[PDB]
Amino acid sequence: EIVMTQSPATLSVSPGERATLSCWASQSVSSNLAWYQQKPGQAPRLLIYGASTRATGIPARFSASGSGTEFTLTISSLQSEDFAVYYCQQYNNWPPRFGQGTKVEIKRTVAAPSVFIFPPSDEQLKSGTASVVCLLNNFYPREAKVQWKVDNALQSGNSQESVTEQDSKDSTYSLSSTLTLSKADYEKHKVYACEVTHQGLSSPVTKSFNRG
């Protein structure tokens, strides 16, 4: 019955800077508030309990304060391993509910994607379906738009896309987009194109091929 809300949803800061994360309770939870860190693909780790106490093995650049309905987690001098998702959790009242999480990502300079297009393989085509893949490699920030065109007609509803986590070394994202057609449809058209819009590109970039 107690709603925990975190803010902001995403914080972008540079290595060595300070990150301040907020956790709000809809009613007082006294000091019974914990923070957790979760890195992509790992279980959560307890950071803070009792609102301000560091858990064992947690380094001093993590500190936290607050009581009642407002809590803050501050990460001073952000290091590479600090960039993750953070959850708060109130445990003053059953049931002990989590906030929805704040993602802390690395803020870097704008970087345009390098764009590559792949036709369906002959192996897949002998199967009756054709997937066309568009890769946007190593761009920042994460927001990017991919628009598929087939013989210069804009497609919709027949593509899906996924984005990697932020790269450890250069703090970029990559994105993969798949356009799926039936073999019969794929053989009715000639030009397959991926059009990419991104902050680092002064105008949309198109990569295409001609079937056959």
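All residue numbers are counted from 1 along the displayed sequence.
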Assert higher mean C-alpha B factor (48 to 56 or 182 to 190, deposited values) equals 182 to 190
Selected stretch [higher average CA B-factor]: 10 to 18 or 196 to 204: 196 to 204
Based on what the PDB entry reports, which of 88, 135, 132, 78 has the top C-alpha B-factor? 78
According to the PDB entry, is the CA B factor of residue 126 in the bottom, middle or top third of its chain, that is, lowest, middle or highest? highest
Can you tell me whether residue 157 has a C-alpha B-factor in the lowest, middle or highest third compared with the other modelled residues of the same chain? lowest
By the record's CA B-factor, is residue 113 among the lowest, middle or highest third of residues in the chain? highest
Position of residue 139 among the chain's modelled residues by C-alpha B-factor, lowest, middle or highest third: middle
Ranked C-alpha temperature factor of residue 168 among modelled chain residues, by third: highest
